[PDB]
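The file target_18.cif comes next; it holds mmCIF, N, CA and C atoms and all ligand atoms.
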```cif
data_model
#
loop_
_atom_site.label_atom_id
_atom_site.label_comp_id
_atom_site.auth_asym_id
_atom_site.auth_seq_id
_atom_site.Cartn_x
_atom_site.Cartn_y
_atom_site.Cartn_z
N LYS M 1 19.52 -50.41 41.72
CA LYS M 1 18.55 -49.31 41.59
C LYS M 1 19.33 -48.00 41.79
N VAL M 2 18.91 -46.97 41.04
CA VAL M 2 19.52 -45.63 41.21
C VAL M 2 18.43 -44.84 41.94
N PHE M 3 18.64 -44.49 43.20
CA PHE M 3 17.62 -43.72 43.93
C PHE M 3 17.59 -42.24 43.48
N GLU M 4 16.44 -41.60 43.64
CA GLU M 4 16.32 -40.17 43.38
C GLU M 4 16.72 -39.55 44.75
N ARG M 5 17.29 -38.40 44.79
CA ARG M 5 17.70 -37.79 46.07
C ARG M 5 16.66 -37.82 47.18
N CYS M 6 15.48 -37.22 47.04
CA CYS M 6 14.48 -37.18 48.13
C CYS M 6 13.88 -38.53 48.46
N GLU M 7 13.78 -39.40 47.48
CA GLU M 7 13.30 -40.76 47.72
C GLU M 7 14.26 -41.46 48.68
N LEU M 8 15.55 -41.27 48.47
CA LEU M 8 16.51 -41.93 49.39
C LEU M 8 16.42 -41.36 50.82
N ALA M 9 16.35 -40.02 50.86
CA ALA M 9 16.33 -39.30 52.16
C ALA M 9 15.18 -39.85 52.98
N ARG M 10 14.02 -39.94 52.33
CA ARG M 10 12.83 -40.45 53.06
C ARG M 10 13.05 -41.91 53.45
N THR M 11 13.64 -42.72 52.60
CA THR M 11 13.90 -44.11 52.98
C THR M 11 14.83 -44.22 54.20
N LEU M 12 15.94 -43.50 54.12
CA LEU M 12 16.92 -43.54 55.22
C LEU M 12 16.28 -43.09 56.56
N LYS M 13 15.41 -42.09 56.50
CA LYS M 13 14.74 -41.56 57.67
C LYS M 13 13.92 -42.67 58.33
N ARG M 14 13.17 -43.38 57.51
CA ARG M 14 12.30 -44.48 57.98
C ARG M 14 13.13 -45.61 58.58
N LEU M 15 14.31 -45.78 58.03
CA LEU M 15 15.25 -46.85 58.45
C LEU M 15 16.01 -46.45 59.71
N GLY M 16 15.69 -45.28 60.25
CA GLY M 16 16.31 -44.85 61.50
C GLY M 16 17.73 -44.34 61.42
N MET M 17 18.13 -43.77 60.28
CA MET M 17 19.50 -43.24 60.15
C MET M 17 19.70 -41.84 60.69
N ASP M 18 18.69 -41.03 60.80
CA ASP M 18 18.88 -39.64 61.28
C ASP M 18 19.38 -39.57 62.73
N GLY M 19 20.59 -39.17 62.95
CA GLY M 19 21.19 -39.04 64.28
C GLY M 19 21.76 -40.35 64.84
N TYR M 20 21.83 -41.36 63.99
CA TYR M 20 22.39 -42.68 64.37
C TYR M 20 23.86 -42.45 64.75
N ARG M 21 24.13 -42.81 66.01
CA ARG M 21 25.47 -42.65 66.58
C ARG M 21 26.00 -41.21 66.34
N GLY M 22 25.10 -40.24 66.43
CA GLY M 22 25.34 -38.82 66.27
C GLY M 22 25.50 -38.31 64.86
N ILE M 23 25.16 -39.10 63.84
CA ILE M 23 25.33 -38.71 62.43
C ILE M 23 23.97 -38.33 61.83
N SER M 24 23.92 -37.07 61.40
CA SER M 24 22.68 -36.50 60.81
C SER M 24 22.43 -37.13 59.44
N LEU M 25 21.14 -37.10 59.11
CA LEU M 25 20.69 -37.64 57.80
C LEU M 25 21.46 -37.03 56.62
N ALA M 26 21.70 -35.73 56.66
CA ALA M 26 22.40 -35.00 55.57
C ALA M 26 23.79 -35.58 55.36
N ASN M 27 24.41 -36.03 56.44
CA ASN M 27 25.77 -36.64 56.35
C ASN M 27 25.68 -37.98 55.59
N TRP M 28 24.72 -38.81 56.00
CA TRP M 28 24.52 -40.11 55.29
C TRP M 28 24.21 -39.86 53.81
N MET M 29 23.39 -38.87 53.52
CA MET M 29 23.07 -38.50 52.12
C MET M 29 24.38 -38.10 51.41
N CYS M 30 25.17 -37.23 52.00
CA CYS M 30 26.42 -36.78 51.37
C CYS M 30 27.31 -37.98 51.05
N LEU M 31 27.36 -38.91 52.03
CA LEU M 31 28.19 -40.09 51.86
C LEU M 31 27.68 -40.94 50.67
N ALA M 32 26.40 -41.27 50.62
CA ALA M 32 25.86 -42.11 49.52
C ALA M 32 26.11 -41.46 48.16
N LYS M 33 25.99 -40.12 48.16
CA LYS M 33 26.17 -39.35 46.93
C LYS M 33 27.56 -39.52 46.36
N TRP M 34 28.56 -39.29 47.20
CA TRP M 34 29.97 -39.39 46.77
C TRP M 34 30.46 -40.82 46.66
N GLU M 35 29.93 -41.76 47.42
CA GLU M 35 30.38 -43.14 47.30
C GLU M 35 29.86 -43.83 46.05
N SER M 36 28.56 -43.73 45.79
CA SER M 36 28.00 -44.41 44.63
C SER M 36 27.08 -43.61 43.73
N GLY M 37 26.88 -42.33 43.95
CA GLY M 37 25.88 -41.61 43.14
C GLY M 37 24.50 -42.18 43.42
N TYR M 38 24.24 -42.70 44.61
CA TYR M 38 22.98 -43.29 45.04
C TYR M 38 22.61 -44.59 44.27
N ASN M 39 23.60 -45.32 43.85
CA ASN M 39 23.43 -46.58 43.10
C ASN M 39 23.68 -47.82 43.97
N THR M 40 22.69 -48.66 44.15
CA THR M 40 22.84 -49.87 45.00
C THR M 40 23.66 -50.96 44.34
N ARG M 41 23.84 -50.90 43.02
CA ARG M 41 24.62 -52.00 42.38
C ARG M 41 26.08 -51.64 42.11
N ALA M 42 26.50 -50.47 42.55
CA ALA M 42 27.88 -50.04 42.35
C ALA M 42 28.84 -50.98 43.11
N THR M 43 29.93 -51.31 42.44
CA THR M 43 31.04 -52.14 42.98
C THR M 43 32.35 -51.51 42.45
N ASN M 44 33.34 -51.45 43.29
CA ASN M 44 34.66 -50.93 42.95
C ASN M 44 35.72 -51.88 43.53
N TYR M 45 36.44 -52.50 42.60
CA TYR M 45 37.54 -53.40 42.99
C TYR M 45 38.77 -52.54 43.31
N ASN M 46 39.49 -52.81 44.38
CA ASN M 46 40.70 -52.08 44.79
C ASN M 46 41.86 -53.02 44.42
N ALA M 47 42.41 -52.78 43.24
CA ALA M 47 43.53 -53.61 42.70
C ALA M 47 44.74 -53.71 43.64
N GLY M 48 44.90 -52.60 44.34
CA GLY M 48 45.92 -52.33 45.33
C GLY M 48 45.93 -53.30 46.50
N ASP M 49 44.78 -53.70 46.99
CA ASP M 49 44.79 -54.62 48.16
C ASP M 49 43.85 -55.80 47.96
N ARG M 50 43.29 -55.89 46.77
CA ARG M 50 42.38 -56.97 46.43
C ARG M 50 41.04 -57.02 47.18
N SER M 51 40.60 -55.91 47.73
CA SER M 51 39.27 -55.87 48.40
C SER M 51 38.35 -55.22 47.35
N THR M 52 37.04 -55.29 47.62
CA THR M 52 36.01 -54.69 46.80
C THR M 52 35.05 -53.91 47.72
N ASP M 53 34.60 -52.76 47.21
CA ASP M 53 33.60 -51.88 47.84
C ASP M 53 32.24 -52.21 47.16
N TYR M 54 31.23 -52.44 47.98
CA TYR M 54 29.91 -52.82 47.51
C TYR M 54 28.75 -51.93 47.95
N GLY M 55 27.90 -51.71 46.95
CA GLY M 55 26.64 -51.00 47.09
C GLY M 55 26.64 -49.51 47.24
N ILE M 56 25.46 -49.08 47.72
CA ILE M 56 25.21 -47.63 47.90
C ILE M 56 26.18 -46.90 48.81
N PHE M 57 26.67 -47.57 49.84
CA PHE M 57 27.60 -46.99 50.82
C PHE M 57 29.03 -47.43 50.51
N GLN M 58 29.21 -48.23 49.46
CA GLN M 58 30.58 -48.70 49.12
C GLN M 58 31.31 -49.31 50.35
N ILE M 59 30.68 -50.28 50.97
CA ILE M 59 31.21 -51.03 52.12
C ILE M 59 32.26 -52.05 51.66
N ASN M 60 33.41 -52.00 52.34
CA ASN M 60 34.55 -52.86 51.98
C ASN M 60 34.52 -54.27 52.51
N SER M 61 34.88 -55.18 51.61
CA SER M 61 34.93 -56.62 51.89
C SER M 61 36.04 -57.06 52.83
N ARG M 62 37.05 -56.25 53.10
CA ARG M 62 38.13 -56.66 54.01
C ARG M 62 37.55 -56.90 55.41
N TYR M 63 36.66 -56.05 55.88
CA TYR M 63 36.14 -56.23 57.21
C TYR M 63 34.67 -56.43 57.42
N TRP M 64 33.89 -55.90 56.48
CA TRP M 64 32.45 -55.88 56.71
C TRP M 64 31.58 -56.94 56.13
N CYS M 65 31.94 -57.53 55.00
CA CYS M 65 31.09 -58.59 54.40
C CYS M 65 32.00 -59.66 53.84
N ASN M 66 31.38 -60.80 53.54
CA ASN M 66 32.20 -61.91 52.99
C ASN M 66 31.94 -62.04 51.47
N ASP M 67 33.07 -62.03 50.76
CA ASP M 67 32.99 -62.24 49.29
C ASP M 67 33.90 -63.44 48.93
N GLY M 68 34.47 -64.03 49.98
CA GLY M 68 35.34 -65.18 49.84
C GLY M 68 36.64 -64.91 49.12
N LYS M 69 36.78 -63.95 48.23
CA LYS M 69 38.01 -63.70 47.51
C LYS M 69 38.93 -62.66 48.13
N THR M 70 38.56 -62.01 49.20
CA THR M 70 39.44 -61.01 49.81
C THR M 70 40.37 -61.66 50.82
N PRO M 71 41.64 -61.34 50.69
CA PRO M 71 42.64 -61.87 51.64
C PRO M 71 42.26 -61.18 52.97
N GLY M 72 42.00 -62.10 53.86
CA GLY M 72 41.61 -62.00 55.22
C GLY M 72 41.95 -60.72 55.94
N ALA M 73 41.68 -60.84 57.22
CA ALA M 73 41.91 -59.78 58.25
C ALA M 73 42.53 -60.73 59.29
N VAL M 74 43.76 -61.12 58.96
CA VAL M 74 44.55 -62.11 59.75
C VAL M 74 43.44 -62.81 60.55
N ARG M 75 43.38 -62.33 61.77
CA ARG M 75 42.45 -62.65 62.81
C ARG M 75 42.17 -61.26 63.45
N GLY M 76 40.94 -60.96 63.32
CA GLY M 76 40.05 -59.87 63.68
C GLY M 76 38.73 -60.41 63.05
N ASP M 77 37.80 -59.52 62.88
CA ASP M 77 36.50 -59.91 62.26
C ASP M 77 36.58 -59.53 60.78
N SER M 78 36.43 -60.47 59.87
CA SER M 78 36.54 -60.07 58.43
C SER M 78 35.17 -59.90 57.77
N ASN M 79 34.16 -60.20 58.57
CA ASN M 79 32.75 -60.13 58.15
C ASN M 79 31.91 -59.59 59.31
N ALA M 80 32.31 -58.43 59.80
CA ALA M 80 31.61 -57.81 60.93
C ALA M 80 30.13 -57.68 60.73
N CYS M 81 29.59 -57.45 59.52
CA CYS M 81 28.12 -57.35 59.35
C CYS M 81 27.42 -58.70 59.24
N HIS M 82 28.19 -59.77 59.21
CA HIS M 82 27.55 -61.10 59.09
C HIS M 82 26.70 -61.20 57.82
N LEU M 83 27.29 -60.81 56.71
CA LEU M 83 26.56 -60.82 55.45
C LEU M 83 27.46 -61.25 54.29
N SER M 84 26.71 -61.79 53.31
CA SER M 84 27.42 -62.09 52.02
C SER M 84 27.52 -60.66 51.41
N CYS M 85 28.58 -60.31 50.74
CA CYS M 85 28.72 -58.99 50.11
C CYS M 85 27.60 -58.84 49.08
N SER M 86 27.11 -59.94 48.56
CA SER M 86 25.99 -59.89 47.60
C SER M 86 24.79 -59.14 48.17
N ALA M 87 24.57 -59.30 49.46
CA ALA M 87 23.45 -58.69 50.18
C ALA M 87 23.46 -57.16 50.04
N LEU M 88 24.61 -56.60 49.80
CA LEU M 88 24.84 -55.16 49.65
C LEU M 88 24.62 -54.66 48.22
N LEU M 89 24.12 -55.54 47.35
CA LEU M 89 23.87 -55.16 45.96
C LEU M 89 22.38 -55.25 45.67
N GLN M 90 21.55 -55.46 46.65
CA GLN M 90 20.09 -55.58 46.39
C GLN M 90 19.45 -54.23 46.15
N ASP M 91 18.28 -54.16 45.56
CA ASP M 91 17.57 -52.86 45.41
C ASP M 91 17.05 -52.40 46.79
N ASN M 92 16.67 -53.34 47.63
CA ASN M 92 16.15 -53.08 48.97
C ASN M 92 17.39 -52.79 49.83
N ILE M 93 17.47 -51.61 50.44
CA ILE M 93 18.71 -51.27 51.20
C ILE M 93 18.71 -51.62 52.68
N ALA M 94 17.77 -52.41 53.14
CA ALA M 94 17.70 -52.74 54.57
C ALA M 94 19.02 -53.33 55.08
N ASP M 95 19.57 -54.26 54.30
CA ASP M 95 20.83 -54.93 54.71
C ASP M 95 22.00 -53.96 54.69
N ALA M 96 22.06 -53.14 53.63
CA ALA M 96 23.18 -52.18 53.57
C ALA M 96 23.10 -51.17 54.73
N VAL M 97 21.92 -50.75 55.10
CA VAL M 97 21.71 -49.77 56.20
C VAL M 97 22.14 -50.39 57.54
N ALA M 98 21.70 -51.63 57.75
CA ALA M 98 22.09 -52.32 59.02
C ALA M 98 23.59 -52.46 59.06
N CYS M 99 24.30 -52.67 57.98
CA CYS M 99 25.75 -52.85 57.93
C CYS M 99 26.42 -51.49 58.12
N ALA M 100 25.89 -50.45 57.49
CA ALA M 100 26.43 -49.10 57.66
C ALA M 100 26.32 -48.68 59.13
N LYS M 101 25.27 -49.09 59.81
CA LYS M 101 25.11 -48.79 61.25
C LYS M 101 26.19 -49.50 62.05
N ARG M 102 26.51 -50.71 61.64
CA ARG M 102 27.59 -51.49 62.33
C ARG M 102 28.92 -50.81 62.13
N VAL M 103 29.21 -50.36 60.90
CA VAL M 103 30.49 -49.69 60.58
C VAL M 103 30.73 -48.52 61.54
N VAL M 104 29.72 -47.66 61.68
CA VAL M 104 29.84 -46.46 62.53
C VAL M 104 29.86 -46.75 64.02
N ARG M 105 29.55 -47.97 64.40
CA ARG M 105 29.63 -48.37 65.81
C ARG M 105 31.10 -48.44 66.22
N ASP M 106 32.05 -48.53 65.29
CA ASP M 106 33.50 -48.53 65.60
C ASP M 106 33.94 -47.09 65.89
N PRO M 107 35.03 -46.96 66.63
CA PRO M 107 35.54 -45.65 67.05
C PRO M 107 35.65 -44.57 66.00
N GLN M 108 36.00 -44.90 64.78
CA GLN M 108 36.13 -43.91 63.70
C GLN M 108 34.77 -43.32 63.29
N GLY M 109 33.70 -44.05 63.57
CA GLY M 109 32.33 -43.54 63.21
C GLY M 109 32.33 -43.29 61.70
N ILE M 110 31.68 -42.23 61.27
CA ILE M 110 31.57 -41.87 59.85
C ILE M 110 32.90 -41.64 59.16
N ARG M 111 33.97 -41.36 59.89
CA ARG M 111 35.31 -41.11 59.37
C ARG M 111 35.89 -42.35 58.71
N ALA M 112 35.25 -43.46 58.93
CA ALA M 112 35.68 -44.73 58.33
C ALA M 112 35.78 -44.55 56.82
N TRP M 113 34.98 -43.67 56.22
CA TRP M 113 35.01 -43.47 54.75
C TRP M 113 35.82 -42.21 54.41
N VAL M 114 36.86 -42.37 53.59
CA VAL M 114 37.70 -41.21 53.22
C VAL M 114 36.89 -40.20 52.43
N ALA M 115 35.97 -40.64 51.61
CA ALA M 115 35.11 -39.73 50.82
C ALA M 115 34.34 -38.76 51.71
N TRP M 116 33.90 -39.25 52.88
CA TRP M 116 33.17 -38.39 53.83
C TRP M 116 34.07 -37.26 54.30
N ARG M 117 35.30 -37.56 54.64
CA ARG M 117 36.28 -36.54 55.07
C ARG M 117 36.59 -35.54 53.96
N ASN M 118 36.78 -36.04 52.74
CA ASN M 118 37.08 -35.18 51.61
C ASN M 118 35.94 -34.29 51.15
N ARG M 119 34.76 -34.89 51.07
CA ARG M 119 33.62 -34.15 50.49
C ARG M 119 32.51 -33.73 51.39
N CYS M 120 32.46 -34.20 52.62
CA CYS M 120 31.33 -33.87 53.50
C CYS M 120 31.69 -33.20 54.81
N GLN M 121 32.75 -33.59 55.43
CA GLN M 121 33.18 -33.00 56.71
C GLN M 121 33.45 -31.49 56.59
N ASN M 122 32.85 -30.82 57.60
CA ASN M 122 33.00 -29.37 57.72
C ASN M 122 32.41 -28.61 56.55
N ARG M 123 31.43 -29.17 55.89
CA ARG M 123 30.78 -28.51 54.75
C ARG M 123 29.30 -28.29 55.16
N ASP M 124 28.69 -27.45 54.34
CA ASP M 124 27.26 -27.15 54.50
C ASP M 124 26.61 -28.34 53.74
N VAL M 125 26.10 -29.34 54.45
CA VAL M 125 25.52 -30.50 53.76
C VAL M 125 23.99 -30.51 53.73
N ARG M 126 23.42 -29.39 54.10
CA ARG M 126 21.94 -29.24 54.11
C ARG M 126 21.37 -29.45 52.72
N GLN M 127 22.11 -29.15 51.68
CA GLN M 127 21.72 -29.26 50.29
C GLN M 127 21.19 -30.66 49.97
N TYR M 128 21.83 -31.65 50.59
CA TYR M 128 21.40 -33.03 50.31
C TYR M 128 19.99 -33.35 50.78
N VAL M 129 19.41 -32.68 51.75
CA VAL M 129 18.05 -33.03 52.19
C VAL M 129 17.04 -31.90 51.93
N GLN M 130 17.54 -30.81 51.40
CA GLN M 130 16.60 -29.70 51.20
C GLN M 130 15.46 -30.10 50.28
N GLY M 131 14.26 -29.76 50.78
CA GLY M 131 12.96 -29.92 50.23
C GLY M 131 12.48 -31.35 50.10
N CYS M 132 13.07 -32.27 50.85
CA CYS M 132 12.65 -33.67 50.74
C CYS M 132 11.57 -34.04 51.76
N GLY M 133 11.27 -33.09 52.62
CA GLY M 133 10.25 -33.30 53.64
C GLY M 133 10.69 -34.17 54.78
N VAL M 134 11.97 -34.27 55.05
CA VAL M 134 12.46 -35.08 56.17
C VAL M 134 12.92 -34.15 57.32
CL CL M 201 23.59 -62.69 53.28
CL CL M 202 28.80 -65.36 53.03
#
```

Spit out the file's structure as structure tokens when you get a sec.
Ligand SMILES: [Cl-]
Ligand SMILES: [Cl-]
Amino acid sequence: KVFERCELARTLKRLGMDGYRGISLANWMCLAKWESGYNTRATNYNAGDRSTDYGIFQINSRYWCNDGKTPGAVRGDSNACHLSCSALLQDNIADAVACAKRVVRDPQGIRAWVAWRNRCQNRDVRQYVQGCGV
């Protein structure tokens, strides 16, 4: 599904993302925008290390979900969200949101995504939620 900007904002709000681990809703919006253009079926294979990024938040298979084809995480957690990567391609984003919450529970928080640093950090990100009623 390709979400409309305000439709997503309202969904994320209901899902409890505003201020989750200190991250404002506008930040999550900025991230979804640059990671997938608000598309839940987006997938990006990383030829470089053989991992794949899945869904609206472009969550990586090396650590967060199981796709069976990614060369492990030696021994650490290679499926920290306890999900099949397929779960991150559904139209319903409940699973992707719960996994994104797990990602930010690690020390790097939102910095885990390079796109957030490049396109959202230290920027005026109010634009992403303006007039959505959230
Ligand atoms: Cl699953
Ligand atoms: Cl699985």

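Nearest to ligand CL 202 (chain M) of all the residues M:75, M:131, M:65, M:95 is M:65, based on all atoms listed in the file.
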
_Test item: residues lying within 5 Å of ligand CL 202 (chain M) with all atoms listed in the file, as a ChimeraX atom specification_ = /M:66,83-84

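One finds CA of residue 105 (chain M) at 21.0 Å from CA of residue 72 (chain M).
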
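Proximal residues of ligand CL 201 (chain M) are residues 82, 83, 84, 85, 86, 87 and 88 of chain M, by a cut-off of 8 Å on only N, CA and C atoms and all ligand atoms.
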
(Q) To test your reading of the structure, identify every residue in region 69-125 of chain M that backbone DSSP assigns to alpha helix (DSSP H), and report it as a PyMOL selection string. (A) chain M and resi 94-104+114-119

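Closest approach to residue 70 (chain M) from the set M:46, M:92, M:58, M:24 is made by M:46, with distances taken over only C-alpha atoms.
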
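Using only C-alpha atoms for every distance, the candidate list M:23, M:59, M:32, M:9 yields M:59 as the residue closest to residue 103 (chain M).
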
With the cut-off set at 8 Å and counting all atoms listed in the file, tabulate each residue of region 10-45 of chain M with an atom at most that distance from an atom of region 110-119 of chain M, showing the nearest atom pair and its distance in Å to one decimal, ordered by chain and increasing number, as CSV.
```
residue,atom,partner,partner_atom,distance
M:21,C,M:110,N,7.7
M:23,CA,M:110,N,7.4
M:27,C,M:116,CA,7.7
M:30,C,M:116,CA,6.5
M:31,CA,M:116,CA,5.6
M:34,C,M:115,CA,6.3
M:35,N,M:115,CA,6.5
```

Using N, CA and C atoms, can you write the selected residues to a file as a tab-separated table (two decimals), in the coordinates of the input?
```tsv
chain	number	residue	atom	x	y	z
M	21	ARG	N	24.13	-42.81	66.01
M	21	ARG	CA	25.47	-42.65	66.58
M	21	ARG	C	26.00	-41.21	66.34
M	23	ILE	N	25.16	-39.10	63.84
M	23	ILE	CA	25.33	-38.71	62.43
M	23	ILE	C	23.97	-38.33	61.83
M	27	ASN	N	24.41	-36.03	56.44
M	27	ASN	CA	25.77	-36.64	56.35
M	27	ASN	C	25.68	-37.98	55.59
M	30	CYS	N	25.17	-37.23	52.00
M	30	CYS	CA	26.42	-36.78	51.37
M	30	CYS	C	27.31	-37.98	51.05
M	31	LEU	N	27.36	-38.91	52.03
M	31	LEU	CA	28.19	-40.09	51.86
M	31	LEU	C	27.68	-40.94	50.67
M	34	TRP	N	28.56	-39.29	47.20
M	34	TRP	CA	29.97	-39.39	46.77
M	34	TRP	C	30.46	-40.82	46.66
M	35	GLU	N	29.93	-41.76	47.42
M	35	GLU	CA	30.38	-43.14	47.30
M	35	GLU	C	29.86	-43.83	46.05
```

Using only C-alpha atoms, the shortest atom-to-atom distance to residue 102 (chain M) among M:89, M:25, M:56, M:80 belongs to M:80

Between CA of residue 55 (chain M) and CA of residue 91 (chain M) lies a distance of 9.4 Å

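Each of M:99, M:81, M:8, M:74 was checked against residue 39 (chain M) using only C-alpha atoms; the smallest atom-to-atom distance is that of M:8.
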
Correct to one decimal, the distance CA of residue 129 (chain M)-CA of residue 57 (chain M) is 17.0 Å
